[PDB]
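Here the structure is laid out as structure tokens; the discussion comes afterwards.
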Ligand SMILES: *[C@@H](O)[C@H](C[C@@H]1CCNC1=O)NC(=O)[C@H](CC(C)C)NC(=O)OCc1ccccc1
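Numbering (our numbering), first residue to last: 1061 to 1244.
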């Protein structure tokens, strides 16, 4: 087998064109660009009227904090950027279903955690979880000691973008599940 396996190669290829580092008033977050001018951040990143990407202020046209049908926070905020550059459309890589895997990779890219690729192993649906005081729905859980600064990180498996890191309790990490219908 190749030294660098399919999960890693997929993560790196996804990151190169669809992950940027965004700075809000709450600091730097890994940020997935989904299509056109649409990206996602952890809701607690609290994007304001603008964010910094690549040292430049980029206006935010809209920010939509996602909730499930019962009103429960999903901890995903969809933001729309005022700029002409379009993100490679990766919607086809986002599953229609909340998706588990035996082999997930957490992708983080900030000045604190530059080019971080971690195979977190099993990614399992958890559902409703109180994340340190923030009630959250549709979470995924992995057994890896994630830390502050990694939120916004992308969870992938080969061929799919399945979650966005939002929390952790010391020994485990938690992601907001991604579904294609969020972006269509
Ligand atoms: C990223 O901003 C950060 C990542 C956490 C920090 C510790 N390890 C991580 O992976 N997310 C949070 O700090 C987060 C923000 C909420 C408003 C969603 N809350 C959090 O992770 O609380 C800790 C906790 C999680 C689950 C059960 C009990 C406590």
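Just so you know, even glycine gets a beta-carbon here, dropped at the ideal spot from N, CA and C.
Check                                                                                                                     : Outcome
What are the start and end residues of the beta strand (DSSP E) that includes residue 1190?                               : 1176 to 1191
Can you tell me where the beta strand (DSSP E) holding residue 1234 begins and where it ends?                             : 1233 to 1237
Would you kindly report the start and end of the unbroken beta strand (DSSP E) that includes residue 1172?                : Unbroken run through residue 1172: none, as it is neither H nor E.
Taking a contact to mean a Cβ-Cβ separation below 9 Å, would you say residue 1130 touches residue 1197 in this structure? : yes
Using the three-state DSSP reduction, which class does residue 1099 fall into: helix, strand or coil?                     : strand
Between which two residues does the alpha helix (DSSP H) harbouring residue 1070 extend?                                  : 1066 to 1078
Do you know offhand how far residue 1225's Cα is from residue 1213's?                                                     : 5 Å
Can you tell me whether residue 1243 is helix, strand or coil according to DSSP?                                          : helix
Have a look at residue 1202 and residue 1151 and give me their C-alpha separation to the nearest angstrom.                : 23 Å
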